[PDB]
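Input: a single structure, listed below in structure tokens.
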Amino acid sequence: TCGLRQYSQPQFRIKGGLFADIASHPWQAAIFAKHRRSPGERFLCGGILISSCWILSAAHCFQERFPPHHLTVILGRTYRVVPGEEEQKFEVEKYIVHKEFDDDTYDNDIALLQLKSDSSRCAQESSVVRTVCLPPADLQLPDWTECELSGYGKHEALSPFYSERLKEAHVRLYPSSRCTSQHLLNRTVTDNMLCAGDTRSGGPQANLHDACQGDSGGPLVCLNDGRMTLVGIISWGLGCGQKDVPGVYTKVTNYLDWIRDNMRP
Ligand SMILES: *[C][C@@](*)(=O)[C]([C][C][C][N]C([N])=[N+])[N]C(=O)[C][N]C(=O)[C]([C][C]C([O])=O)[N]S(=O)(=O)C1=[C]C2=[C][C]=[C]C(N([C])[C])=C2[C]=[C]1
């Protein structure tokens, strides 16, 4: 079912996180967008699998207004481009994006895609493709809760390249007091956003854990009820790993109902 995984101690540290086997987060999904008339794919963003034919992703990831049949959802993959053996692939049937996505503030950064399969089922559950558990509407994990995010994004802001292997990073949910515009260069922070990041620093330069460009649409999960539960979606942030500066995620809880209604048969 959900929030289950055959984890493994990741071994290959990286500036920004540490390398991790897809098996560790079997709900991680790679969304590839193609260019003008089949010249090739391109890593666009990440996806959180919530059901056999429904993946959650970031709203801003689709600013480009892609034609439905121009995105491909790939699951069960450890390497961004190197085809995994147990990987599963699906074409995008259709995809919604929050009707109020304020592009200026990433307000309401969330979108849903529907996997194209001639049947009411697409992705068959497996050890490399499994669904995450949505948060219960009443969930409210404590301050600084130890959570962990994953994706195929960049290893730092200015890097012209995406990670050839699924990176994983562990962070702490921030207290409401710190998740405010004052802490984030005056930029705006709405009540559908949540901050979480690494709290370490000081030592003569460190590689702090945090998502980065390419990581959007990915998950920010936390253990809850012995399972892994989606708490936030990777939305935005001041660079990648800045001292004292958290990353901003989407409160999955707030959009529970939107995620619900929007799945209409
Ligand atoms: C779509 C997703 O891959 C990413 C995820 C970013 C995750 N970052 C993190 N630290 N966890 N989404 C985005 O990149 C959305 N855009 C941003 O987050 C931008 C990136 C630009 C940058 O390098 O600062 N940051 S922003 O907060 O929305 C923004 C920041 C900023 C800072 C200074 C000056 C300006 N201008 C141009 C006035 C901006 C503008 C926007």
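Residue names in the structure tokens use chain letters A, B, ... in the order shown, residue numbers from 1 in each chain, and ligand numbers from 1 in the order shown.
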
Next on the checklist: Using only C-alpha atoms and all ligand atoms, which residues have at least one atom no more than 10 Å from ligand 1? Output them as a VMD selection string.
Outcome noted: chain A and resid 16 44 to 46 57 to 63 103 to 106 109 149 151 to 154 156 to 158 184 to 189 195 to 197 209 to 218 233 to 242 245 to 249

Item to check | Who sits within 9 Å of residue 139 in chain A, only C-alpha atoms, same chain under 2 positions skipped, as number ranges by chain | outcome: A: 135-137, 141, 224, 253

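Nearest to residue 6 in chain A of all the residues A:200, A:34, A:70, A:227 is A:227, counting only C-alpha atoms.
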
Next on the checklist: I need the residues of range 4-249 of chain A that end up classed as helix (DSSP H, G or I) by DSSP on the backbone, written out as an MDAnalysis selection string.
Outcome noted: chainID A and resid 22:24 60:62 68:70

Next, dump the selected residues to file, keeping only N, CA, C and O atoms, as a JSON list (two decimals), in the first residue's frame.
[["chain", "number", "residue", "atom", "x", "y", "z"],
["A", 22, "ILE", "N", 16.26, 4.36, -5.83],
["A", 22, "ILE", "CA", 14.84, 4.62, -5.96],
["A", 22, "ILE", "C", 14.01, 3.77, -5.03],
["A", 22, "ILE", "O", 12.99, 4.22, -4.52],
["A", 23, "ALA", "N", 14.48, 2.56, -4.74],
["A", 23, "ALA", "CA", 13.75, 1.66, -3.85],
["A", 23, "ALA", "C", 13.44, 2.37, -2.53],
["A", 23, "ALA", "O", 12.40, 2.13, -1.91],
["A", 24, "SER", "N", 14.36, 3.24, -2.12],
["A", 24, "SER", "CA", 14.22, 4.00, -0.89],
["A", 24, "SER", "C", 13.00, 4.95, -0.90],
["A", 24, "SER", "O", 12.46, 5.24, 0.15],
["A", 60, "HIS", "N", 4.14, 25.43, -10.74],
["A", 60, "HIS", "CA", 5.09, 26.20, -11.52],
["A", 60, "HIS", "C", 5.85, 25.35, -12.49],
["A", 60, "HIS", "O", 6.31, 25.84, -13.50],
["A", 61, "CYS", "N", 5.90, 24.06, -12.23],
["A", 61, "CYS", "CA", 6.61, 23.19, -13.14],
["A", 61, "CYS", "C", 5.96, 23.20, -14.51],
["A", 61, "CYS", "O", 6.63, 22.90, -15.50],
["A", 62, "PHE", "N", 4.70, 23.59, -14.59],
["A", 62, "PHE", "CA", 4.00, 23.60, -15.88],
["A", 62, "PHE", "C", 3.67, 24.98, -16.46],
["A", 62, "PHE", "O", 2.89, 25.08, -17.40],
["A", 68, "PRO", "N", -0.62, 18.27, -23.41],
["A", 68, "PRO", "CA", -0.70, 17.01, -22.68],
["A", 68, "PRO", "C", 0.22, 15.90, -23.17],
["A", 68, "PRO", "O", 1.09, 15.45, -22.43],
["A", 69, "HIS", "N", 0.11, 15.55, -24.44],
["A", 69, "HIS", "CA", 0.94, 14.50, -25.04],
["A", 69, "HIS", "C", 2.40, 14.93, -25.23],
["A", 69, "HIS", "O", 3.07, 14.48, -26.16],
["A", 70, "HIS", "N", 2.90, 15.82, -24.38],
["A", 70, "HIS", "CA", 4.27, 16.31, -24.50],
["A", 70, "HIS", "C", 5.04, 16.09, -23.19],
["A", 70, "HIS", "O", 6.15, 16.62, -23.01]]

Checklist outcome for this item: In Å and to one decimal, CA of residue 82 in chain A is distant from CA of residue 161 in chain A by 15.2 Å
